[PDB]
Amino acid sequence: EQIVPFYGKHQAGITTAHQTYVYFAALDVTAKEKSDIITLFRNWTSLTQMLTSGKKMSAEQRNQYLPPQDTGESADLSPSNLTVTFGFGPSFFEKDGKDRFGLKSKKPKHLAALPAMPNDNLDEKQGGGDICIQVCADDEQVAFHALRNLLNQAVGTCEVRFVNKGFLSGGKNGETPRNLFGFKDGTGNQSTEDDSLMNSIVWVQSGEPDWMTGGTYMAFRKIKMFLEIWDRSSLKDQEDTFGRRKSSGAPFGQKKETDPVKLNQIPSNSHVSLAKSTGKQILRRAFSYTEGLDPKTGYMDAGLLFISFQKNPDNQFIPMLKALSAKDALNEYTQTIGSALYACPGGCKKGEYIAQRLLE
């Protein structure tokens, strides 16, 4: 009953209401024939449809001497609005000059590594990758189960580049969820329920190969947040960093979270002023992370798995990166340590597989 359709015009996990939990994986294809990639996406499709659907691998195992077909730890759990979203990095189309799989002619127009930015401190292994898998659910164990079982299918075809995970709880009464800086996160997104707006901001309708119709580009930035530096700062510093008030989420000088931002009443280098002043829009769908103590600092290693969706990242996304990178007050408390851009195919129809129209 917490079931999100897998099949559709679009992949789920993009305009789908934001779940609590994410696992975010990137893989590199080690196989040499597009035929092996085809079988992988076919199997991934059939398994994703089962995992998200609420169907359970039912009463079975006729041969004790074989491994179970499923790892079993989601047996008693609800589907918890599980979505699984697939994308492909530039290196899937071309790696080191070689068109490894004969796909270059079906390359998306805007798929390239993101440009270097000031204050970047990228670990190459924490970004890029041929394929990304974004697994979301309202229950961590459900999302981990889905990733693990998808990844088990890729053995021999791909190597896993990295796996991150994160969380972001919505308010008990539907309030915008707060990031680890304690600020409402997502206010500035247009309504994911507004088809017109999602069409103009997220969804590909033209100018791209047909496998991208109903698809989008997914930007990923792994951004370390220095909680100890932030927590020791004044409220004034924290609000002046954003250009919104912390509790209310209101733009400075406004009453409500949803009041429009008045650019002339917020600091010119506040986060919100810089992002908004590009005049561009993206759909941000981020999750917080914590990964134990950072050994180099001896403080919590925490941050944001930044994930946004936009139909044209050269028009919509890269200008924001540019506008923020030098001037953002948030630069005091953050540092990007991983980066990637992926193209997300349009939705799968019942009886097709993911990226069928790309792989042919």
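So that there is no doubt, residue numbering starts at 1 and follows the sequence shown.
- Unresolved residue 58 in a third or more of other entries flanked by modelled residues: Yes: coordinates for residue 58 absent from at least a third of the compared entries.
- Message: Mean CA temperature factor from the deposited coordinates, higher in 93 to 101 or in 130 to 138?
- Response: Between 130 to 138 and 93 to 101, it is 93 to 101.
- Message: So, looking at the entry's B-factor column for Cα atoms, which has the higher mean, 103 to 111 or 238 to 246?
- Response: 103 to 111 has the higher mean C-alpha B-factor.
- Which listed residue, 207, 166, 87, 177, has the largest C-alpha temperature factor in the record? Max CA B-factor in the entry, restricted to 207, 166, 87, 177: 207.
- Message: Per the entry's Cα B factor values, which of 215, 182, 170, 260 stands out as the maximum?
- Response: Each of 215, 182, 170, 260 was compared by C-alpha B-factor; the highest is 260.
- residue 287 - which third its CA temperature factor falls in, relative to the rest of the chain: Its C-alpha B-factor, which the entry lists for residue 287, ranks in the lowest third among residues of this chain.
- Task: Place residue 328 in the lowest, middle or highest third of its chain's C-alpha B-factors, as listed in the PDB entry.
- Result: Its C-alpha B-factor belongs to the middle third of this chain's values.
- Query: Lowest, middle or highest third: where is residue 301 by C-alpha B factor in its chain?
  - Reply: Lowest third, going by the recorded CA B-factors of the chain.
- Going by the recorded CA B-factors, say which third of the chain residue 48 sits in, lowest, middle or highest. It falls in the bottom third of the chain.
- Item | Entry-reported Cα temperature factor of residue 63, expressed as the chain third it lands in | Highest third - that is where residue 63 ends up once the chain's C-alpha B-factors are sorted.
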